[PDB]
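The lines below spell out each chain.
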Amino acid sequence: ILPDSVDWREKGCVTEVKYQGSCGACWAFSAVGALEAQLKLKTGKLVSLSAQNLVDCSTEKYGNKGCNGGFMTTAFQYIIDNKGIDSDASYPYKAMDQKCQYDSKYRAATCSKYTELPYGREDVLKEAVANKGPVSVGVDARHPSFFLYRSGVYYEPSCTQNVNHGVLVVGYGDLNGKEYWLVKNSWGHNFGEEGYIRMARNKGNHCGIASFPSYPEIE
Ligand SMILES: CN1CCN(C(=O)Nc2ccc3c(c2)[C@H](NC(=O)c2ccccc2)CCC3)CC1
């Protein structure tokens, strides 16, 4: 039986909200966020991982385009292939494309595998969030209402399943009769509820939240 609500922030598995600036690195933040939780679960230590490392190093070979976008799944494969990712402190975020500067002496995490969940299945997503940890997802964040979100549960009739923005599901629940997914964004603490947005859950894969979910694992 799955819990009715989950919030991975309560378990100390979620790092501070980051600010991507004018660099489309949402995919990198989503990926590191998922791996940060697994690292805490495995080692007991909560450590911010380097989104910049992904921007600079998980590039053409992974179908990624740095500040012009990328995939969380191929980011995970890069970490696997590379046998590590550096900490945020050692390889800080600059919101621009740079030369790959990965160094294993600053490695803070590894990844052994990742799992892509079946398309559109919010029940499967719920199970993964409850049993595995935070899950990287894409959402349709193109609508003016998304940028202006402040509170409550986000429901936008014009939303689509065409996803364009990488975020991290860190929980789920029910607020005043509205089921939601608890989503960590990377637009700083000014966005939404201290960097978070509650997005409609079990409302027909709203904004494509369950379209392309994935999570990494550590040996
Ligand atoms: C069968 N494939 C189906 C699609 N898929 C995904 O994971 N899609 C997905 C999942 C998440 C995200 C995106 C795509 C978007 N990334 C891009 O727009 C983009 C742009 C430039 C270069 C590379 C990718 C937005 C960020 C979040 C892999 C399996």
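Here every chain is numbered from 1 following its written sequence, which may not line up with the entry's numbers; residues without coordinates are dropped from view. Values shown for side chains rest on all heavy atoms present in the structure; no hydrogens or waters enter the calculation. Residues with missing side-chain atoms are left out of burial classes, side-chain pairs and their counts.

As stated in the entry header, the method of structure determination is X-ray crystallography and the reported resolution is 1.80 Å.

Regarding the overall build of the chain
A run of DSSP states H or I qualifies as a helix once it reaches four residues; a run of E qualifies as a strand once it reaches two. Both are numbered from the N-terminal end. A count of helices and strands for the chain gives five helices and nine strands. Ordered by position from the N terminus, the helices and strands of the chain form the series β-α-α-α-β-β-β-α-β-α-β-β-β-β. Taking 219 residues into account, the globule formula puts the C-alpha radius of gyration at 17 Å, and the chain, at 16 Å, falls close to it. Residue contacts are counted whenever heavy atoms from the two residues lie within 4.5 Å of one another. Once local pairs closer than 6 in sequence are excluded, the contacts in the chain between residues at least 24 apart make up 71%. The quantity called the radius of gyration is restricted to C-alpha atoms. Its globule counterpart is 2.2 Å times the number of residues to the power 0.38.

Focus: the site of the ligand
Taken together, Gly63, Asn68, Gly69, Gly70, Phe71, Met72, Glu116, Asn164, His165, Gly166 and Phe212 make up the full set of residues near the ligand. Separating a nitrogen atom of the ligand from a backbone N or O atom of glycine 70 is a distance of 2.9 Å. Grid spacing is 1 Å over the protein atoms alone, the probe is 1.4 Å, and a cavity is where that probe fits but cannot get out, while a pocket is an open set with protein on both sides within 12 Å along at least five of seven lines and lining residues have an atom within 4 Å of a point. Occupancy of a cavity or pocket is assigned to a molecule whenever over half of its atoms lie within 2 Å of that pocket's grid points. In this structure, the ligand is accommodated by the largest pocket. Here the shell around the ligand is built from residues that sort into three nonpolar, seven polar and one charged. When at least one non-hydrogen atom of a residue lies within 4 Å of a molecule or strand, that residue is treated as near it. Distance and chemistry together define a polar contact, namely a pair of N or O atoms within 3.5 Å, with one atom able to donate a hydrogen and the other to accept it when in protein, and with adjacent residues in sequence counting only for side-chain atoms on both sides. For this scheme, ten residues count as nonpolar: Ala, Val, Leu, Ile, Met, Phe, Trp, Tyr, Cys and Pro. Four count as charged, namely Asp, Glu, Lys and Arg, and the remainder, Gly too, count as polar.

Considerations on the state of the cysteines
We call a pair of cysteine sulfur atoms a disulfide whenever their separation is within 2.5 Å. The tally for this structure, following the rule as stated, stands at three disulfides. What pairs with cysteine 57 in a disulfide is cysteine 100, and their sulfur atoms sit 2.1 Å apart. Between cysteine 57 and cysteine 100, the S-S dihedral sits near 100 degrees, and the bridge is therefore right-handed. Here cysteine 57 is found in helix α2 (residues 51-57), whereas its partner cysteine 100 is found in the loop between β2 (85-86) and β3 (107-109), with 43 residues between them in sequence. The disulfide partner of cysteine 159 is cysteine 207, and the gap between their sulfur atoms is 2.0 Å. Disulfide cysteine 159 to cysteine 207: torsion about the S-S bond roughly 110 degrees, handedness right-handed. Of this pair, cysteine 159 sits in the loop between α5 (144-147) and β6 (165-175) while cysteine 207 is found in the loop between β8 (196-200) and β9 (214-217), placing the two residues 48 residues apart along the sequence. For the pair shown, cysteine 159 and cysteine 207 are each scored as buried. Taking only the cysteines that form disulfides and numbering them from first to last, the chain has the pattern 1-3, 2-4, 5-6. A disulfide-free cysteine, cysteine 26 has its sulfur positioned 9.2 Å from the sulfur of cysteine 23, the nearest such atom. In this scheme, a residue with accessible area under 20% of its type's maximum is buried, one over 50% is exposed, and one in between is partly exposed, where area comes from a 1.4 Å probe on protein chains only.

Describing empty space enclosed by the protein
Where empty space is left can be seen by rolling a probe of water-molecule size over the atoms. Grid points are joined across faces, edges and corners, and a volume is the space filled by probe spheres set on the points. Counted as a void, the largest cavity has a volume near 100 Å³. Lining the largest cavity we find 15 residues, and of these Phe29, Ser30, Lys184, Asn185 and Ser186 sit closest to its centre. Here the lining of the largest cavity is composed, by residue class, of six nonpolar, six polar and three charged.

Details of the layout of surface pockets
The space that makes up the largest pocket amounts to roughly 370 Å³. What lines the largest pocket is a set of 20 residues, among which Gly70, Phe71, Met72, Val163 and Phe212 lie closest to the centre. Secondary structure elements with two or more residues in the lining of the largest pocket: α1 (26-43), α3 (72-82), β5 (135-139) and β6. For the lining of the largest pocket, the residue count by class is nine nonpolar, 10 polar and one charged.

Re the environment of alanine 95
Summarising the element assignment, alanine 95 is placed in the loop between β2 and β3. Counting along the chain gives 77 residues from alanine 95 to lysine 18, while the straight-line C-alpha distance between them is 11 Å. When neighbours within four sequence positions are excluded, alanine 95 is seen to be in contact with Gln20, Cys23, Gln52 and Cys67.

Concerning the UniProt feature "disulfide bond" in the chain
UniProt positions are given in the numbering used here, feature names are shortened, and annotations may be inferred rather than shown by experiment. With an S-S distance of 16 Å, the disulfide that UniProt assigns to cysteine 13 and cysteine 111 is not formed in this structure. With respect to the secondary-structure elements, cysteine 111 resides in the loop between β3 and β4 (113-116). The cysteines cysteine 159 and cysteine 207 carry a UniProt disulfide annotation, and their SG atoms are 2.0 Å apart, under the 2.5 Å mark, so the bond is there.

Thoughts on α3
With eight of its 11 residues buried, α3 lies for the most part within the structure. Residues of α3 that are buried: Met72, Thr73, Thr74, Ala75, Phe76, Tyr78, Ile79 and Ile80. Residue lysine 83 follows α3 closely and has a positive phi angle near 60 degrees.

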